[PDB]
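Any read-out appearing in this document is the output of simple, stated calculations on the displayed coordinates, not a laboratory observation. Here the Cβ is made from the backbone with ideal geometry for all residues, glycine too, and neighbour counts use every protein chain on show.
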Amino acid sequence: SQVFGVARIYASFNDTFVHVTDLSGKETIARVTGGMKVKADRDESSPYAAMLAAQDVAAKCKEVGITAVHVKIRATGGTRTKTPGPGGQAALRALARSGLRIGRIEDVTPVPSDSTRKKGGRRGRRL
Amino acid sequence: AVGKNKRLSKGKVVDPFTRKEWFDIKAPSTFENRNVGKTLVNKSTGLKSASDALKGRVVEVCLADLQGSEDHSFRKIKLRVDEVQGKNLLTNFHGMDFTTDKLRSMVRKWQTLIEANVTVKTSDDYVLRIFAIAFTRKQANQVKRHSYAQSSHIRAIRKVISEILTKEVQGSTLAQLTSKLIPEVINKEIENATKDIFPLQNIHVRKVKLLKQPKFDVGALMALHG
Amino acid sequence: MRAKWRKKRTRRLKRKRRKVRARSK
Amino acid sequence: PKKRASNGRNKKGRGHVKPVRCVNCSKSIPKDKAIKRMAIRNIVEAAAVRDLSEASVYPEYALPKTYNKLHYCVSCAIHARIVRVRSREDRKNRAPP
Amino acid sequence: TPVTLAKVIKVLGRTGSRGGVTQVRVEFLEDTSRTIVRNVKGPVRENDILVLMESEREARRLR
Amino acid sequence: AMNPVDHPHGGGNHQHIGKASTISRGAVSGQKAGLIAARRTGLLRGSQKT
RNA sequence: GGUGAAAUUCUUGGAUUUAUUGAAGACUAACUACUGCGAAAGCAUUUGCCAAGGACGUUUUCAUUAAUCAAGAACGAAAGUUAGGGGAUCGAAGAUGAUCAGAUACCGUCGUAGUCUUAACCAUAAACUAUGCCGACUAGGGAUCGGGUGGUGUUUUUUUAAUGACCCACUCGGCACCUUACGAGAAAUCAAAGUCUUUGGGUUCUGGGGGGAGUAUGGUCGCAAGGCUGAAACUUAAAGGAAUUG
Ligand SMILES: [Mg+2]
Ligand SMILES: [Mg+2]
Ligand SMILES: [Mg+2]
Ligand SMILES: [Mg+2]
Ligand SMILES: [Mg+2]
Ligand SMILES: [Mg+2]
Ligand SMILES: [Mg+2]
Ligand SMILES: [Mg+2]
Ligand SMILES: [Mg+2]
Ligand SMILES: [Mg+2]
Ligand SMILES: [Mg+2]
Ligand SMILES: [Mg+2]
Ligand SMILES: [Mg+2]
């Protein structure tokens, strides 16, 4: 009935990745980022840019044949913020309103078991 | 962010989806649904052998999809391709895992988190690492607010659990385990051994992962996809 | 000035006075 | 003068606390002295739920949640519309809002 | 050039450093029972109708 | 410390080499004195990253 | 990619991103607490081995063997030193981009020592509870950790016993907490910082206006860095503590 995919949205600060793959994940379709739609070098992480990026991922899926996607939201993770970027959540809304169908939403942010060391020094990033 | 590329080539177009063919993913016999989905591979050329470019793939599927019931909503299942025949690429069990939200849900403070893992080998020489997790609970009528274990029940809890995990593995090759994790018989069996030690709510065991696999034995896999 | 860097300034001074006095013995 | 009895923190009989890093500026801060806040939010929004429902197979799926424990330093919390500053008699209250 | 006609159902308040931009939540005339919140420059009242050159953004609501 | 007749590094009014003491792998007998086919020189700093 | 914004930087030789693996070293998240253990420094995955320890229980034993201690001794964060291993990550120095009037800083990208470990040094810290140790007495209240006692108290086995986990009462010991001020204090505050002009339970250590100064010099310890001990000439009428109002 429905041919499935994996949205694999990477919500981060300074960018946003939206690119669907196969159910295995090896073969990728329609990799477009937020920084490809707005020429600001600052609005890359903006929700509007991610919304425009999410539309292009959806547009290519119908041509390929994929009608529904699974969703995996991801933050930077590791020793970094672990909080999804501002535009990643807007990209998911654009994916759902573009005619595709959603199932099996999951948060896939990598979390360590108290990993090596966070950058910035002891006193922190004093700005 | 668009017109800012200084250079594209260090030294200095064809549609890729006009040369791709879809396939069908088939789940093993110990699952209610077999139609996992589809995959993308280029057509096999003379020297490409696109079947070989597909054998090592691993696909993640929710157990609620295989069983059709959302009682296994979290219950992540990984299936590894082992054989390709006539558009019907065949997979075998590769590992079970928990969704992030489910594991983040059960871990609450003012209760003890007890974990145990084993390195037991199955009957069919599959080597598995089974992880078990359980949490303490407040008894009915309890007034104190944390209900912490005493780090000596936990050793007893961990020791008893490790015996259960290995025992249920030895004597079952790979499909009994796959058909034992579905009904959560181990989760119900763990509590009956640990109830007299301490309450231990939330015994949803944990992920299971394969360490090393035996010789391919193409006959065994075909015995599942009957 | 900071007491930390007055400690540091004096230690450097004592280095030289321990070194110029070594030129004689 | 001594501003607080606990003096910043929750160390009475610990000696050393093995600090943790701030999530906003990577500043090292002892874990007891840290200003831990727990962030539990739904997966999408209070507004995207209207559109993620009909556009989803498995009707009424789960509306799953995200769980995250945030640590702030004394400076990062005050600057972020958090525990900022109280009066001398309000400082003694330990009850959450 | 598709444009969207949405109708104001309730004003929220004034946002911006100078307060000149009003925060209002509107309802789409066609495909109703769907509501969006937008930022408006001029003086806006209830039951007003707004034209949206692009109607896929949830405007940043101060809270 | 040698005369030029004896070694490549011989000779001079001061004791020195005069030319780079890193030698090609394709040099011949009589030329391969010093550091043969050296990928780097100087004090090693950090991990070898082998 | 990073930022308030950029640039250094990486990219058609495929950067970023996706998937399957493999190696290395570090760390021990969530659970994690006005909770626990240790003389302090300090200590959080699992299991095995080795020795240790407090409290509790005790109608066991010895019998004053005790308390505090110049000299002396053991341990003693981080950084640093010596020599091997290791060297992922972060990162004194250094190199760079940016900001700036300048910016040898804060921000960015690299990045050596170091970070990790073995053998030996160093002997410092806002090493803080800025509160020495032993002993007795003096107001109330709840909670919690460890042990013990009692209660036909609740639940699981084998409805049923014993245990286990909870509930109620008491108790010994511990980490603290709330109220008040009999009392104390210059006040902040304090169940000790109280029982101190109604001045004496035992004992150790340290201070005598602010600078010069923890400086010179002489010793002694250290491989070094430095540690411990430690002046004088001179100069000054105030420095300083807690609260009050602007
Ligand atoms: Mg002050
Ligand atoms: Mg690539
Ligand atoms: Mg404990
Ligand atoms: Mg752990
Ligand atoms: Mg004694
Ligand atoms: Mg000292
Ligand atoms: Mg200390
Ligand atoms: Mg008590
Ligand atoms: Mg008790
Ligand atoms: Mg205690
Ligand atoms: Mg005097
Ligand atoms: Mg004096
Ligand atoms: Mg003052």
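In the protein assembly as shown the Cα-Cα distances spread across 20 Å bins starting at 0 as 13, 36, 32, 15, 3, 0 percent of all pairs.
Legend: Rg and Dmax of chain F, from Cα coordinates, 13.8, 42 Å.
Candidate cross-link partners of D:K11 among the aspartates and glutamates, defined by an alpha-carbon separation under 19 Å and a same-chain spacing of 8 or more, comprise D:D32.
Where does the charge balance sit around B:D15 when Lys and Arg score +1, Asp and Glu -1, over other residues with C-beta under 12 Å from its C-beta?
Numbers: positive: A:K60, B:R19, B:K20; negative: A:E63.
Charge balance in the 12 Å sphere: +2.
Just to be sure I understand the curve: with the Debye formula and one point per C-alpha of chain A, what is log10 I(q)/I(0) at q = 0.09 Å⁻¹? One equal scatterer on each Cα of chain A leads to -0.28.
Computed over the Cα atoms, what is the radius of gyration of region B:63-180 divided by 2.2 N^0.38 Å, N being its residue count? Write out the running numbers ahead of the final one.
Working: Rg = 18.1 Å, N = 118, 2.2 N^0.38 = 13.5 Å.
Cα Rg divided by the expected 2.2 N^0.38 Å: 1.34.
Here the calculated FRET efficiency for C:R23 and E:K10, from their Cβ-Cβ distance with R0 = 56 Å, stands at 0.05, rounded to the nearest 0.05.
Take the Cα radius of gyration of chain D and divide it by 2.2 N^0.38 Å, N being the number of residues; the result is 1.53. Against chain A, whose longest principal axis comes from its Cα atoms, helix A:47-64 is set at around 40 degrees. Extending 7 Å from the Cα toward the beta-carbon at both B:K10 and A:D41 defines two label points whose distance is 2.3 nm. Projecting label points 7 angstrom from Cα along Cα→Cβ for B:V218 and B:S29 puts them 1.9 nm apart. When chain E is described by a simple charge dipole with +1 on each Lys and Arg Cβ and -1 on each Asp and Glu Cβ, the residue from E:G19, E:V51, E:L5 located farthest towards its positive end is E:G19.
In this structure the amide hydrogen of F:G11, modeled in the peptide plane, comes within under 5 Å of the amide hydrogens of F:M2, F:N3, none closer than 5 places in sequence on its chain.
Measuring r between the beta carbons of B:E163 and B:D125 and using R0 = 30 Å, the FRET efficiency lands at 0.90. Whole-Hz Karplus values for region A:27-40 come out as 8, 10, 10, 6, 8, 9, 9, x, x, 8, 9, 10, 9, 10 Hz, taken residue by residue from phi with 6.51 cos²θ - 1.76 cosθ + 1.60 and θ = phi - 60°; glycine and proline positions read x. Shown for B:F131, B:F23: other C-beta atoms within 10 Å of each C-beta, ranked fewest to most, produce the order B:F131, B:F23. Between the C-alpha center of region B:101-133 and that of region D:1-34 there is a gap of 33 Å.
May I ask you to derive the FRET efficiency for F:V5 and F:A37 from their Cβ-Cβ distance with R0 = 35 Å, giving the value to the nearest 0.05? Present the calculation step by step, with values, prior to reporting the outcome.
Working: r = 26 Å, r/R0 = 0.74.
With a Förster radius of 35 Å, E is 0.85.
Return the long-range amide H neighbours of A:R80 (sequence gap of 5 or more, or a different chain), with a cut-off of under 5 Å between placed amide H atoms. Hits under the 5 Å cutoff: none. For region B:202-207, the Karplus equation 6.51 cos²θ - 1.76 cosθ + 1.60, evaluated at θ = phi - 60°, returns couplings of 6, 9, 3, 5, 3, 3 Hz by residue, with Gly and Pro reported as x.
Over chain B, dividing the summed -39,500 (n - 2.57) contributions of all DSSP H runs of at least 4 residues by the number of residues returns a 222 nm mean residue ellipticity of -6500 deg cm²/dmol.
The alpha carbon gyration tensor of region B:163-226 gives principal lengths a ≥ b ≥ c with a/c of 1.5 or higher and a/b greater than b/c, which makes the shape prolate.
Based on every Cα atom in region B:18-226, Rg and the maximum pairwise Cα distance Dmax equal 20.2, 74 Å. The distance between label points at A:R126 and D:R94 comes to 3.3 nm (points 7 Å beyond Cα on the Cα→Cβ vector).
Summarising the amide proton neighbourhood of A:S12: residues at separation of 5 or more, or on other chains, whose placed amide H is nearer than 5 Å comprise A:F17, A:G85, A:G87, A:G88.
Under the shape rule built on the C-alpha gyration tensor, where the axes satisfy a ≥ b ≥ c, chain E is prolate, since a/c reaches at least 1.5 and a/b is greater than b/c.
Do the alpha carbons of any pairs in D:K12/D:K65; B:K26/B:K76; B:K102/B:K138; D:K2/D:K33 sit beyond 26 Å of each other, and which pairs?
On the way: D:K12/D:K65 36 Å; B:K26/B:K76 16 Å; B:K102/B:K138 20 Å; D:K2/D:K33 16 Å.
The pairs that break the limit, which is 26 Å between Cα atoms, are D:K12/D:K65.
Karplus-derived 3J(HN,Hα) values for region C:12-25, using 6.51 cos²θ - 1.76 cosθ + 1.60 with θ = phi - 60°, are 4, 5, 5, 4, 5, 5, 7, 9, 5, 6, 6, 5, 9, 7 Hz; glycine and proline are entered as x.
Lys and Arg at +1, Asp and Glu at -1: add these up for the other residues within a Cβ distance under 11 Å of B:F131 and post the number. Overall, the nearby charge balance is +2.
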